[PDB]
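Peer 1: Got a structure for you, written out below as structure tokens; questions coming shortly.
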Number of protein chains: 4
Amino acid sequence: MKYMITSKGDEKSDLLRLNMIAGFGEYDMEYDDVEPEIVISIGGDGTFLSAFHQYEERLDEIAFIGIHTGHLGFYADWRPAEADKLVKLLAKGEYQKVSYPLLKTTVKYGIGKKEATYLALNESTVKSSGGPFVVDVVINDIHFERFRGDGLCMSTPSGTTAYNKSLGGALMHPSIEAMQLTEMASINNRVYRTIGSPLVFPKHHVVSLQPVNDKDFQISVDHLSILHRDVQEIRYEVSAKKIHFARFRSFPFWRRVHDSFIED
Amino acid sequence: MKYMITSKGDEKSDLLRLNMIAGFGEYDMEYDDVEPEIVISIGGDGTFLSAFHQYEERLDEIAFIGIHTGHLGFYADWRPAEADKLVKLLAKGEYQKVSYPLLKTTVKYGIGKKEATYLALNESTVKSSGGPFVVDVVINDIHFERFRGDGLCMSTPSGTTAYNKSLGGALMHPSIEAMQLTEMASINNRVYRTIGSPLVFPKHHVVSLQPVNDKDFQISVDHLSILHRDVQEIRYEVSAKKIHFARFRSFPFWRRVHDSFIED
Amino acid sequence: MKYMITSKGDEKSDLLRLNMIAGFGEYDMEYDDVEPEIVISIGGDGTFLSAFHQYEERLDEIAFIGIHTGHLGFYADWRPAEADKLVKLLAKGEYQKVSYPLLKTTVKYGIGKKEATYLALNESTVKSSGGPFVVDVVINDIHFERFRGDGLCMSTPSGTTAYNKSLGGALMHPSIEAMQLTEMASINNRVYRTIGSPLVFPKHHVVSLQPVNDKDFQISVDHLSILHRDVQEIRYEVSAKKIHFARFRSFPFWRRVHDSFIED
Amino acid sequence: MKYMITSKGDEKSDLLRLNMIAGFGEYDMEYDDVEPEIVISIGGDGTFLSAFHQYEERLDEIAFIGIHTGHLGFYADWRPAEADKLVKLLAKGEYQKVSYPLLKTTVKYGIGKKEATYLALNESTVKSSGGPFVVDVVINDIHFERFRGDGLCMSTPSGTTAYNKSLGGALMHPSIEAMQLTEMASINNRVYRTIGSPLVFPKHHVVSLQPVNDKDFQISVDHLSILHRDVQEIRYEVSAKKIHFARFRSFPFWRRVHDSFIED
Ligand SMILES: NCCNC(=O)NC[C@H]1O[C@@H](n2c(C#CCN(CC(=O)O)C[C@H]3O[C@@H](n4cnc5c(N)ncnc54)[C@H](O)[C@@H]3O)nc3c(N)ncnc32)[C@H](O)[C@@H]1O
Ligand SMILES: NCCNC(=O)NC[C@H]1O[C@@H](n2c(C#CCN(CC(=O)O)C[C@H]3O[C@@H](n4cnc5c(N)ncnc54)[C@H](O)[C@@H]3O)nc3c(N)ncnc32)[C@H](O)[C@@H]1O
Ligand SMILES: NCCNC(=O)NC[C@H]1O[C@@H](n2c(C#CCN(CC(=O)O)C[C@H]3O[C@@H](n4cnc5c(N)ncnc54)[C@H](O)[C@@H]3O)nc3c(N)ncnc32)[C@H](O)[C@@H]1O
Ligand SMILES: NCCNC(=O)NC[C@H]1O[C@@H](n2c(C#CCN(CC(=O)O)C[C@H]3O[C@@H](n4cnc5c(N)ncnc54)[C@H](O)[C@@H]3O)nc3c(N)ncnc32)[C@H](O)[C@@H]1O
């Protein structure tokens, strides 16, 4: 099938990529980075996230595979030593597809109420553009709390082991179609009150952040951080789109968590 | 329809119960506490939990309603001042049913591998029977961690605002069929390691706790705490059974959370 | 004695200031904002912090008093309704002085190893200037951990109820000469490890943060945030300097905490 | 000098003890377990804590040394391989003494207001004797909060790396004469409020726990857990007594923390 390979760009990843291209040349595999059906990422989770964003308009046509060339790689299923076995397995079509949920972020602006939308595989975060962060949190049009603090993080299931975890969030199995909102350093006193706890939302719930004073925010989507000025609303919901992985053997999520956080 | 009313048993709840029985006597409503179709709890969440356990063998035939006579009542939809409106609405059949997920706990023993099963509406917790608590946590037959600490808590979605919240768990919307495992004071050092984070499991995942040394445990299921001796395994999974509520007006979960924790 | 009054600058604080100046004119009190012996802050804790920094070179010659014109004011001992009683008490010399500890921050640079020093009443925080934050934490020349995450916060005792509290720090009575280091969203996995827990340091311990890759940092000292480029070291220690408060009646720290966080 | 050696009682610790007794027999060292001046503990921190409690009436006459025969031993300064070097160093008097603070717990009862006092090296904890735990927390006679939850923990500085750490407490250098109060699973909602944060108290502050309903409590002091009935008050303060360690080389507290929690 049509495939492409992205590389972190260090010597080890570049050479592994060239050797995999050579191995694929022995099968009916066409290198095509415009319309790949398989996208292989060689590097770390940063490389994988960049691969996802490179192809986020063709997610229903692509299955992703990650090779980790460091000690990490939550989205990675393969070690570099196994690349030749992976070339063979992929060239024979011997794989199942597994899908994880994604997060949709919509940013609405002032004069004209125009919108930008973003898809996240790990999370989308919001902070102030300098100065105090204060937003009203509105859940399905219900005013839920006024948040004062450093920022907020909305995670996908597979993102729950990333920034979300560092913020005290729950780790959620990716078969659950949900998003999880965590706080960054909320202020809580007799006058200012937030829920504190992480919140887990199902599909079709909408969480809107509404400015109270300042309308400028730094919004991240996975690695990408962007200053948005004149914001009227930031809206979070579980995307209808999913990312698909090519799976060749069992590697359960909870074993992946064990291997990344308990010991390997 | 057939109904019954449980009361906390203080003067206020007992009198409200008698006045509601009087009002129901003006409709085609039969008091029947053997096979009720509607169970009304007057008191607090403790009273509601006791009502649930009284009828846990007929959950598919019953819709529950809670009236709170104090300042609390997460499972309560009604204030005592509204009891006459509730009598009327219920007597006319003007309600929809909403279902929340439940937690199944199985305790397996020694000589004979016999089993006890329990259903929980809030949570099931495990602690040692005195002396150190150490269990292996096995997820779908994958050895995930060896837990050392005070205990573990497995929560339903609606239980996530209860003990789970105090332990740092996420609050989960009850449309999500899941259970959430939280730690109580885990020990973490260079030799002993746990995940720390709360874990959220979908339906059909099984979490087994397996003793390492001591086989005696104090196991709670909602308010009920029982010493179990000679335990071989404690198994948690999302139940196939659900609790059904009679709903007469919108009172969204997130508004309920707001009212209980942010302000009312 | 020589005094001055700073105001938040809204109508309520400005008018209270003018009325207090009028009342002081009935005693042997000279308004002097170059060498005051008493500095009165009318506003919130932000106003008080600004007053502290305005006079941080004459801290051994000044006693501070705060009036809070909102609902807040941890450093405030007086409500606006009591300003006339305060004018009288102050004009008669009827007060004791209480001292709180301060935090010294030293920032060392590249070409020339030049230094900037800062005093903090609440805390000093460090974050990256964009991009990843990674520092080595060195305690009394002992390499203690490599911190990866959003940032670090070093608090004074009286600052422990501020940013430190939101980050999970302990609240420390200000008779303890100490500083407290808290983490902001540390990453912890099989490869990256931090202590997690807040750390409390006595006087004479030195905590040095040493860059690992990027040498540019955003450093805050109380409200003031400054981009520092080409940083070689950030050094924290309990200052030899103290802030002095004029106290006219008992208002214990723990009662102040109760009133600010439990109820008033 | 007069010395004694306690052993964990496994083969490795018992044999090391016998070999150390043999080595001491080559110096002017008298084995005396009634009035030792040096107490050597061979085992783990549990063994060390038991040694401390065995001699808690002669703490001003004793210096303690711990050898750890497992992977642990926060109070241990020596590995078994170094026991012969320790015999020699101790027999020559080549050591300095370092002191850590201790916690005094006083339990007052009903009919007669009689008192029991306890000293703790790690911590003293309070839980209910079954059923709900509710106490008023009174600090220097100031009603500070009504605590509802699983229990409370009051730690010494050196105990801050023990149960206190698992409960989210700060780690405090033992040169600070203080105690630290942490919560176990407090309930917090619109009706029930606690501070949440750990609290650090200086010497001479008194923290009293006062029953609200049930008067029976399970009180731990280091490893020892005791049911106390008819309790009127539990009082915590930093002890005037200190534990003394014999130190033969530098092993800073923060390096000890690094070695126990970061890596060794
Ligand atoms: N993005 C700004 C978000 N911060 C606030 O809304 N701060 C105000 C609230 O904090 C209370 N407070 C202060 C103060 C003060 C004045 N600050 C604003 C200004 O100077 O303009 C500067 C301090 O902010 C704290 N800050 C920063 N970010 C967070 C965060 N995420 N969480 C919690 N605090 C945070 C740091 O401590 C700064 O040193 N001091 C105390 C005190 N010692 N004890 C109790 N309350 C106090 C004060 O009565 C008010 O209710
Ligand atoms: N259900 C028992 C679960 N506790 C343990 O496994 N404790 C042993 C571990 O803790 C380390 N430790 C100690 C100690 C010690 C000896 N303890 C057992 C005995 O005496 O038989 C008593 C202490 O246990 C602590 N304990 C109780 N429950 C929890 C919990 N849930 N979480 C964390 N600790 C907990 C309390 O502190 C008691 O005062 N002292 C220190 C120290 N000062 N600094 C660092 N490590 C230390 C020690 O090197 C070992 O690795
Ligand atoms: N100031 C940067 C600090 N962040 C890191 O060092 N991130 C790398 C570490 O996280 C692991 N990881 C990732 C990822 C990834 C790639 N990131 C860098 C890049 O793209 O260049 C972007 C993600 O960073 C996370 N990030 C940001 N700030 C914090 C923070 N304070 N704490 C914890 N994470 C934080 C957010 O999630 C971003 O979406 N994804 C996962 C995953 N899903 N599950 C487990 N591990 C994972 C990965 O294997 C590596 O070990
Ligand atoms: N040592 C007892 C300490 N527990 C309480 O004071 N519980 C009552 C408070 O919790 C609220 N609540 C309930 C409930 C209920 C009835 N419980 C008493 C009885 O049945 O007699 C049993 C439940 O207690 C929870 N429990 C136990 N220990 C802790 C702890 N340390 N921290 C927090 N909760 C704790 C567990 O969940 C049990 O399943 N259910 C909910 C709910 N689903 N959502 C929100 N609030 C709720 C309720 O409105 C009230 O304000």
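Ordering of the structure tokens sets the chain letters (A, B, ...), residue numbers begin anew at 1 in every chain, and ligands are numbered from 1 in the order given.
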Show me which residues sit within 6 Å of ligand 1 when counting only C-alpha atoms and all ligand atoms, and put them as number ranges by chain.
Peer 2: A: 131-133, 149-150, 185-187; C: 45-46, 72-74, 122-123, 158-159, 161-163, 166, 222-223
Peer 1: Quick one: which residues from chain B are at most 6 Å off chain A, using only C-alpha atoms, as a list in words?
Peer 2: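 Contact residues on the first chain: residues 144, 170, 171, 172, 197, 198, 199, 200 and 258 of chain B.
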Peer 1: One decimal, in Å: what's the spacing between atom 49 (O, counted along the ligand's line) of ligand 2 and CA of residue 71 in chain D?
Peer 2: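 Pair atom 49 (O, counted along the ligand's line) of ligand 2 / CA of residue 71 in chain D returns 8.0 Å.
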Peer 1: Is it possible to see chain B as a compact mmCIF listing (two decimals) with C-alpha atoms, in the first residue's frame, once it has been laid onto chain A by a least-squares fit on every C-alpha atom in order?
Peer 2:
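This is the output file part_36.txt:
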# COMPACT_ATOMS: atom_id res chain seq x y z
CA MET B 1 0.00 0.00 0.00
CA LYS B 2 0.96 3.69 -0.10
CA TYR B 3 3.07 4.59 2.93
CA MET B 4 5.39 7.27 4.26
CA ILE B 5 7.91 7.51 7.09
CA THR B 6 8.59 10.57 9.25
CA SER B 7 11.81 10.77 11.20
CA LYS B 8 12.89 12.70 14.27
CA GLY B 9 15.92 13.62 12.16
CA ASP B 10 18.81 12.38 14.25
CA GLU B 11 21.26 9.93 12.69
CA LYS B 12 19.66 6.85 14.25
CA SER B 13 16.14 7.68 13.08
CA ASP B 14 17.23 8.82 9.62
CA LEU B 15 19.20 5.62 9.01
CA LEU B 16 16.37 3.42 10.27
CA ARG B 17 14.02 5.25 7.91
CA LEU B 18 16.32 4.66 4.94
CA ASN B 19 16.67 0.98 5.80
CA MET B 20 12.91 0.61 6.12
CA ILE B 21 12.37 2.29 2.75
CA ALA B 22 14.83 -0.20 1.30
CA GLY B 23 12.94 -3.13 2.84
CA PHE B 24 9.60 -1.85 1.60
CA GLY B 25 11.09 -1.67 -1.88
CA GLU B 26 11.09 -5.46 -1.84
CA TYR B 27 7.26 -5.51 -1.62
CA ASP B 28 4.30 -3.84 -3.38
CA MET B 29 4.72 -0.75 -1.23
CA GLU B 30 4.77 2.73 -2.78
CA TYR B 31 6.31 5.62 -0.86
CA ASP B 32 3.73 8.42 -1.05
CA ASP B 33 3.68 11.27 1.45
CA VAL B 34 0.75 13.05 -0.18
CA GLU B 35 -1.84 10.25 0.20
CA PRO B 36 -0.27 7.56 2.41
CA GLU B 37 -2.47 4.81 3.83
CA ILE B 38 0.18 3.95 6.45
CA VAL B 39 2.19 6.61 8.30
CA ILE B 40 5.22 5.41 10.23
CA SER B 41 6.79 7.72 12.79
CA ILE B 42 10.39 7.06 13.88
CA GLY B 43 11.41 9.01 16.95
CA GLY B 44 9.52 9.84 20.10
CA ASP B 45 5.99 10.83 20.98
CA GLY B 46 6.78 14.35 19.73
CA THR B 47 7.56 12.88 16.31
CA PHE B 48 4.36 10.85 16.42
CA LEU B 49 2.27 13.90 17.35
CA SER B 50 3.83 15.82 14.47
CA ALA B 51 2.98 12.95 12.11
CA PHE B 52 -0.63 13.01 13.34
CA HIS B 53 -0.93 16.72 12.70
CA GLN B 54 0.70 16.46 9.28
CA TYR B 55 -2.14 14.11 8.19
CA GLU B 56 -5.04 15.33 10.31
CA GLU B 57 -7.18 15.93 7.20
CA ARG B 58 -6.94 12.26 6.11
CA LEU B 59 -7.38 10.47 9.42
CA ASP B 60 -10.07 8.12 8.13
CA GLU B 61 -7.73 6.93 5.35
CA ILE B 62 -4.57 6.38 7.43
CA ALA B 63 -3.31 3.91 10.00
CA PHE B 64 -0.41 5.12 12.14
CA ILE B 65 2.55 3.14 13.52
CA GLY B 66 5.23 4.48 15.84
CA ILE B 67 8.79 3.28 16.37
CA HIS B 68 10.59 4.73 19.38
CA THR B 69 14.30 5.39 19.05
CA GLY B 70 14.65 6.62 22.63
CA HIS B 71 13.45 5.43 26.03
CA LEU B 72 9.83 6.60 25.90
CA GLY B 73 7.26 6.44 23.16
CA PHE B 74 3.82 5.99 24.62
CA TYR B 75 2.36 5.98 21.09
CA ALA B 76 5.15 3.63 19.91
CA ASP B 77 4.53 -0.11 19.46
CA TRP B 78 7.96 -1.02 18.09
CA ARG B 79 11.61 -0.87 19.01
CA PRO B 80 14.14 -0.18 16.23
CA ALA B 81 15.48 -3.75 16.49
CA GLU B 82 12.08 -4.99 15.22
CA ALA B 83 11.80 -2.74 12.17
CA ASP B 84 12.48 -5.59 9.73
CA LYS B 85 9.75 -7.72 11.31
CA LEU B 86 7.42 -4.72 11.02
CA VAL B 87 8.30 -4.19 7.33
CA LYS B 88 7.37 -7.83 6.65
CA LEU B 89 4.16 -7.82 8.72
CA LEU B 90 2.97 -4.57 7.16
CA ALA B 91 3.79 -5.65 3.62
CA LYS B 92 1.62 -8.76 4.08
CA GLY B 93 -1.43 -6.85 5.37
CA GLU B 94 -1.38 -8.77 8.67
CA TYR B 95 -2.82 -6.21 11.04
CA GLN B 96 -5.98 -4.99 12.75
CA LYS B 97 -6.91 -1.36 13.26
CA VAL B 98 -7.61 0.14 16.69
CA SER B 99 -9.10 3.64 17.07
CA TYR B 100 -8.61 6.21 19.82
CA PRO B 101 -10.86 9.24 20.47
CA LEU B 102 -9.79 12.80 19.66
CA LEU B 103 -10.58 16.22 21.12
CA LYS B 104 -12.14 19.04 19.08
CA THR B 105 -11.29 22.61 20.15
CA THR B 106 -13.18 25.56 18.66
CA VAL B 107 -11.99 29.13 19.23
CA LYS B 108 -14.54 31.86 18.49
CA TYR B 109 -13.43 35.50 18.01
CA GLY B 110 -14.84 39.00 18.19
CA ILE B 111 -15.77 41.17 15.20
CA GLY B 112 -17.59 38.58 13.08
CA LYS B 113 -17.67 35.59 15.47
CA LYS B 114 -15.33 33.73 13.08
CA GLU B 115 -14.02 30.35 14.23
CA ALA B 116 -10.84 28.29 14.22
CA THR B 117 -11.04 24.55 14.94
CA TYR B 118 -8.27 22.21 16.05
CA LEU B 119 -7.97 18.45 16.66
CA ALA B 120 -5.88 17.15 19.56
CA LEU B 121 -4.47 13.69 20.18
CA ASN B 122 -3.07 14.48 23.63
CA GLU B 123 -4.72 17.65 24.91
CA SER B 124 -5.62 21.29 24.47
CA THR B 125 -4.65 23.75 27.20
CA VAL B 126 -5.57 27.36 27.89
CA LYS B 127 -3.58 29.99 29.82
CA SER B 128 -3.65 33.80 29.89
CA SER B 129 -1.51 35.89 27.54
CA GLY B 130 0.29 37.33 30.52
CA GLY B 131 -1.63 38.64 33.50
CA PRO B 132 -4.44 36.89 35.36
CA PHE B 133 -6.35 33.93 33.94
CA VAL B 134 -10.09 34.04 34.72
CA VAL B 135 -12.75 32.18 32.74
CA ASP B 136 -16.31 31.08 33.28
CA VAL B 137 -16.68 27.35 32.71
CA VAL B 138 -20.01 26.56 31.04
CA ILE B 139 -21.06 22.93 30.60
CA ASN B 140 -23.90 22.32 28.16
CA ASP B 141 -24.96 25.95 28.72
CA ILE B 142 -24.93 25.49 32.56
CA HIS B 143 -22.66 28.03 34.32
CA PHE B 144 -20.55 25.65 36.38
CA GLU B 145 -17.73 27.66 37.95
CA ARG B 146 -15.56 30.74 37.56
CA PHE B 147 -12.02 29.48 37.27
CA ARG B 148 -9.12 31.58 38.55
CA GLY B 149 -5.64 30.13 38.38
CA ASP B 150 -2.86 29.33 35.95
CA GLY B 151 -4.85 27.52 33.28
CA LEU B 152 -6.95 24.55 32.25
CA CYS B 153 -6.15 21.31 30.41
CA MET B 154 -8.61 19.22 28.38
CA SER B 155 -7.28 15.74 27.60
CA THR B 156 -8.22 12.85 25.33
CA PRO B 157 -8.14 9.31 26.80
CA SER B 158 -4.71 8.58 25.35
CA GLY B 159 -3.59 12.03 26.49
CA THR B 160 -4.53 11.20 30.06
CA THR B 161 -1.07 9.73 30.62
CA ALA B 162 0.55 13.00 29.44
CA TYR B 163 0.06 16.58 30.83
CA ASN B 164 -3.24 15.45 32.40
CA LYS B 165 -1.39 12.97 34.60
CA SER B 166 1.03 15.62 35.87
CA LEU B 167 -1.97 17.76 36.81
CA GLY B 168 -3.54 15.01 38.91
CA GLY B 169 -5.96 13.67 36.31
CA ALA B 170 -7.27 10.12 36.08
CA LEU B 171 -5.81 7.72 33.51
CA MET B 172 -8.65 6.63 31.23
CA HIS B 173 -8.77 3.61 28.95
CA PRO B 174 -9.04 4.83 25.34
CA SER B 175 -12.10 2.69 24.57
CA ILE B 176 -14.00 5.33 26.59
CA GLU B 177 -15.18 8.16 24.33
CA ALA B 178 -14.60 11.05 26.72
CA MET B 179 -12.50 14.11 27.49
CA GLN B 180 -11.05 15.11 30.85
CA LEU B 181 -10.70 18.65 32.22
CA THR B 182 -7.97 19.32 34.80
CA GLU B 183 -7.02 22.48 36.67
CA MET B 184 -3.65 24.21 36.83
CA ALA B 185 -3.10 25.82 40.25
CA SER B 186 -6.60 27.06 40.99
CA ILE B 187 -7.08 29.64 43.69
CA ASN B 188 -9.44 28.57 46.41
CA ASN B 189 -10.38 30.69 49.38
CA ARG B 190 -13.49 32.03 51.04
CA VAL B 191 -14.25 34.21 47.96
CA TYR B 192 -12.95 32.10 45.05
CA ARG B 193 -14.13 28.50 44.57
CA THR B 194 -13.51 25.84 41.94
CA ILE B 195 -14.40 22.15 41.87
CA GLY B 196 -10.68 21.15 42.19
CA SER B 197 -11.33 17.62 41.00
CA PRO B 198 -10.71 16.56 37.42
CA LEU B 199 -13.92 16.30 35.37
CA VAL B 200 -14.67 13.55 32.82
CA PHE B 201 -17.16 14.39 30.04
CA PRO B 202 -18.87 12.00 27.62
CA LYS B 203 -19.28 12.44 23.91
CA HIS B 204 -21.80 15.19 22.99
CA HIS B 205 -21.19 17.26 26.13
CA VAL B 206 -19.80 20.70 25.30
CA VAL B 207 -17.52 22.60 27.66
CA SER B 208 -17.23 26.29 26.87
CA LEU B 209 -14.69 28.67 28.44
CA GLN B 210 -15.92 32.28 28.42
CA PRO B 211 -13.63 35.25 29.18
CA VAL B 212 -14.45 37.44 32.16
CA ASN B 213 -12.03 40.35 31.68
CA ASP B 214 -8.99 39.80 29.45
CA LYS B 215 -9.87 38.29 26.08
CA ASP B 216 -6.36 37.13 25.04
CA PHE B 217 -5.23 33.57 25.69
CA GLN B 218 -2.37 31.23 24.95
CA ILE B 219 -4.00 28.06 23.58
CA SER B 220 -2.03 24.87 23.05
CA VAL B 221 -3.10 21.90 20.96
CA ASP B 222 -0.61 19.06 21.51
CA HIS B 223 2.81 20.64 21.00
CA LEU B 224 1.54 23.77 19.20
CA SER B 225 1.02 26.96 21.26
CA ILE B 226 -0.71 29.97 19.73
CA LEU B 227 -1.65 33.40 21.05
CA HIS B 228 -5.33 34.11 20.36
CA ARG B 229 -6.53 37.67 20.69
CA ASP B 230 -10.10 38.90 21.08
CA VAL B 231 -11.49 35.50 22.10
CA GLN B 232 -15.21 35.20 22.78
CA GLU B 233 -15.31 31.48 23.58
CA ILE B 234 -13.21 28.34 23.62
CA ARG B 235 -15.35 25.22 23.08
CA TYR B 236 -14.29 21.64 23.83
CA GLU B 237 -16.02 18.42 22.74
CA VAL B 238 -15.10 14.87 21.87
CA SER B 239 -14.44 14.80 18.14
CA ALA B 240 -16.39 12.65 15.70
CA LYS B 241 -13.00 11.89 14.16
CA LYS B 242 -10.72 9.13 15.47
CA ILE B 243 -7.08 8.22 15.01
CA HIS B 244 -6.46 4.69 13.73
CA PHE B 245 -3.46 2.55 14.67
CA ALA B 246 -2.18 -0.50 12.83
CA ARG B 247 -1.80 -3.24 15.45
CA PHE B 248 0.11 -6.46 14.76
CA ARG B 249 0.14 -8.06 18.21
CA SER B 250 -1.48 -7.49 21.55
CA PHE B 251 -0.06 -4.63 23.59
CA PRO B 252 -2.86 -3.68 25.98
CA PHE B 253 -3.22 -0.10 27.14
CA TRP B 254 -2.80 -1.05 30.78
CA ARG B 255 0.40 -2.96 29.97
CA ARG B 256 1.59 0.13 28.07
CA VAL B 257 0.86 2.21 31.18
CA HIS B 258 2.66 -0.33 33.37
CA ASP B 259 5.69 -0.30 31.08
CA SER B 260 5.85 3.52 30.94
CA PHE B 261 5.27 4.29 34.64
CA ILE B 262 5.82 1.21 36.82
CA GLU B 263 8.83 -0.55 35.25
CA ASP B 264 9.94 -2.17 32.01
Peer 1: Using DSSP on the backbone coordinates, identify all residues within range 5-105 of chain C classified as helix (DSSP H, G or I); present the result as number ranges by chain.
Peer 2: C: 11-24, 45-54, 59-61, 80-91
Peer 1: Write out as an NGL selection string all residues of range 67-240 of chain D that backbone DSSP assigns to strand (DSSP E or B).
Peer 2: :D and (67-68 or 78 or 96-109 or 115-120 or 123-128 or 133-139 or 142-155 or 171-172 or 178-186 or 199-202 or 207-211 or 217-221 or 224-228 or 231-240)
Peer 1: Next, the residues of the selection above should be written as a compact mmCIF listing (two decimals), in the first residue's frame with C-alpha atoms.
Peer 2:
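Listed below is the output, out01.txt:
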# COMPACT_ATOMS: atom_id res chain seq x y z
CA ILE D 67 22.36 -0.56 60.19
CA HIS D 68 19.99 -1.56 57.39
CA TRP D 78 25.38 2.00 57.64
CA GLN D 96 29.49 13.80 66.70
CA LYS D 97 25.90 13.78 67.91
CA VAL D 98 23.01 15.15 65.84
CA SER D 99 19.53 15.61 67.35
CA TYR D 100 16.11 15.37 65.71
CA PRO D 101 12.84 16.75 67.16
CA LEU D 102 10.13 14.50 68.59
CA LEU D 103 6.34 14.73 68.86
CA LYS D 104 4.50 14.63 72.19
CA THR D 105 0.94 13.21 72.15
CA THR D 106 -1.30 13.56 75.21
CA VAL D 107 -4.59 11.67 75.43
CA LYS D 108 -7.03 12.92 78.07
CA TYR D 109 -9.95 10.73 79.24
CA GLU D 115 -3.80 11.44 80.91
CA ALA D 116 -1.56 9.18 78.86
CA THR D 117 1.46 10.67 77.08
CA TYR D 118 3.42 9.23 74.17
CA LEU D 119 6.57 10.24 72.25
CA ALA D 120 6.76 9.72 68.48
CA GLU D 123 4.17 10.36 63.68
CA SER D 124 0.99 9.98 65.67
CA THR D 125 -2.26 9.34 63.80
CA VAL D 126 -5.91 9.37 64.84
CA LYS D 127 -8.84 7.49 63.27
CA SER D 128 -12.29 6.49 64.53
CA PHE D 133 -14.47 10.25 62.34
CA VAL D 134 -15.36 13.83 63.31
CA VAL D 135 -13.18 16.08 65.47
CA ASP D 136 -12.87 19.76 66.16
CA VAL D 137 -9.32 20.97 65.53
CA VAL D 138 -8.31 23.61 68.08
CA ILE D 139 -5.00 25.43 67.66
CA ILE D 142 -8.61 28.84 68.54
CA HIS D 143 -11.36 26.68 66.96
CA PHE D 144 -9.84 26.16 63.53
CA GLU D 145 -11.96 23.60 61.69
CA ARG D 146 -14.29 20.65 62.14
CA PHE D 147 -12.60 17.73 60.44
CA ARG D 148 -14.67 14.97 58.86
CA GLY D 149 -12.87 12.21 57.02
CA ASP D 150 -10.77 9.12 57.60
CA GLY D 151 -8.26 10.51 60.07
CA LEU D 152 -5.41 12.88 60.82
CA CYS D 153 -1.63 12.46 60.91
CA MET D 154 0.80 14.58 62.95
CA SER D 155 4.42 14.11 61.86
CA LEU D 171 9.27 17.09 53.55
CA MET D 172 10.87 19.16 56.31
CA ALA D 178 8.10 21.71 64.13
CA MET D 179 5.28 19.22 63.63
CA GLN D 180 3.14 18.78 60.53
CA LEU D 181 -0.58 17.92 60.43
CA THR D 182 -1.94 16.16 57.34
CA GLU D 183 -5.45 15.05 56.44
CA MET D 184 -6.65 11.58 55.46
CA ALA D 185 -9.49 11.79 52.90
CA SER D 186 -11.35 14.83 54.20
CA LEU D 199 -0.21 22.55 58.37
CA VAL D 200 3.25 23.14 59.89
CA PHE D 201 3.38 24.18 63.57
CA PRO D 202 6.34 25.57 65.51
CA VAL D 207 -3.01 21.36 68.50
CA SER D 208 -5.95 19.78 70.30
CA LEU D 209 -8.44 17.35 68.72
CA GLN D 210 -11.81 17.42 70.48
CA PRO D 211 -14.52 14.78 69.88
CA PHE D 217 -10.49 6.55 68.65
CA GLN D 218 -7.73 4.40 67.26
CA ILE D 219 -4.50 6.29 68.02
CA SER D 220 -1.17 5.25 66.54
CA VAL D 221 2.25 6.36 67.74
CA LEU D 224 1.89 1.07 67.87
CA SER D 225 -1.91 1.32 67.46
CA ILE D 226 -4.17 1.49 70.50
CA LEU D 227 -7.92 1.81 70.96
CA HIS D 228 -8.71 4.66 73.35
CA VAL D 231 -11.46 10.39 74.99
CA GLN D 232 -11.94 14.04 75.90
CA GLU D 233 -8.96 15.45 74.01
CA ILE D 234 -5.90 14.48 72.00
CA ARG D 235 -3.15 17.10 72.31
CA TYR D 236 -0.12 17.43 70.02
CA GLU D 237 3.01 19.53 70.57
CA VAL D 238 6.68 19.42 69.70
CA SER D 239 8.41 17.58 72.53
CA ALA D 240 11.14 19.11 74.67
